[PDB]
């Protein structure tokens, strides 16, 4: 009995087909992804394979003006259209609180939305009861397949789930649910959740009874063979984990932004043991046509969004690289633009200026902006780069705290983690061959108590004013040292307004990669 699993994760409001960098589609002849194109491939596989399951491993929320306007009603509508078989809750599904999850998604989804390690308490327990389930038994042909859900344990730190939701250990909470499925003589069990590739591998190893793990959160790209686009594989597809009880357990993930459709075929035996498994994510490129019914429906929702593009804020003559593969691994000119804007909004009278430095987590830059659209930069383009609606605050940090933040910036370098810092008024050099915690070899900063601004070595006993996102001021992305050691905090202007005012002032921008970040 062969099962075909189709899976998506971290789609992030990429409902319309996108460019190859996951930004707004301009040259439609080379655009990719989108629900319309996804519908075609999904309906293609359903007519070829008898047993098909379409799953989503979380983080459909947040990413473009689609979620800004419809706040999740677009997710429920178009996930229903594609006839998804199950969904796991991600951390971003809570960005608008529990109420932002219950009303638009949990109450309007025609498919089960799962999470086994989320426990509701107090007044919410009655309201959110049964709107999400720890597992679901799905009939597939004349067989049944069990799907247990899990959501990041650290979700209270990543989103806004509230005080009345308890997020338990994934493994601790999954084992009882898998055992209850086995008492129901469900011998085929998929672990579908949103905790990251590293937690997916522990669930495959530690949780007895899970045959497959379908994950997300880490934007992991797995491929066996020659990859078809720019994403570099982090491992074979499927990534095989050997469990504690000796069974080979495939672990899968399909990058992000709906660019690929995960595709895995499992051959089970009569008792639900995995005989073999093979597959590879399917690049949803121009060769696959967009479904016209889904596309027409998309275009009827699109005109409510078109008022976020009428005004031109300015022009860019260069590609504004806001891609994770860039801003999370090295200096990206999108980060330099934002940090240049943050410092420019903070031009006050004290020496030469009160602030000279800026830091910005690469994980806070959520999209690039294309320059082939006549160079036009609209509020919409910016809305996808800075979709959270946070502020760019002013902070005071001892040099010691700043060095610790930059050590953290690359303490686990290589995993596309979002704590890699883009900077302004700072020249940092890393030596990755050195130990974690000892990788910053040079850290020069732009002086304030000086008549001519120049770069001087950071001194740990000194105190520096830095402009950073409020998300970092609150210890987000693991920067707890900023929250615990900062000596002063003042709240600033909205992020997208700071970047928008600057673009309007400069009229034409051309930020470059200048060497603010170097590697030894």
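Numbering follows the first chain given and starts at 1.
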property: Size class of the missing deposited segment between residue 350 and residue 351; result: 1 to 3
property: Mean C-alpha temperature factor, higher of 125 to 133 and 272 to 280; result: 125 to 133
property: Greater mean Cα temperature factor according to the PDB record, 178 to 186 or 390 to 398; result: 178 to 186
property: Maximum C-alpha temperature factor, selected from 446, 158, 440, 341; result: 158
property: Out of 414, 335, 364, 227, highest CA B-factor residue; result: 227
property: Chain thirds of CA B-factor: placement of residue 24; result: highest
property: Third assignment of residue 52 from its chain's C-alpha B-factors; result: middle
property: Chain-wide C-alpha B factor ranking for residue 77, given as lowest, middle or highest third; result: lowest
property: CA B-factor ranking of residue 34, expressed as a third of its chain; result: middle
property: CA B-factor placement of residue 111, once the chain's modelled residues are sorted into thirds; result: middle
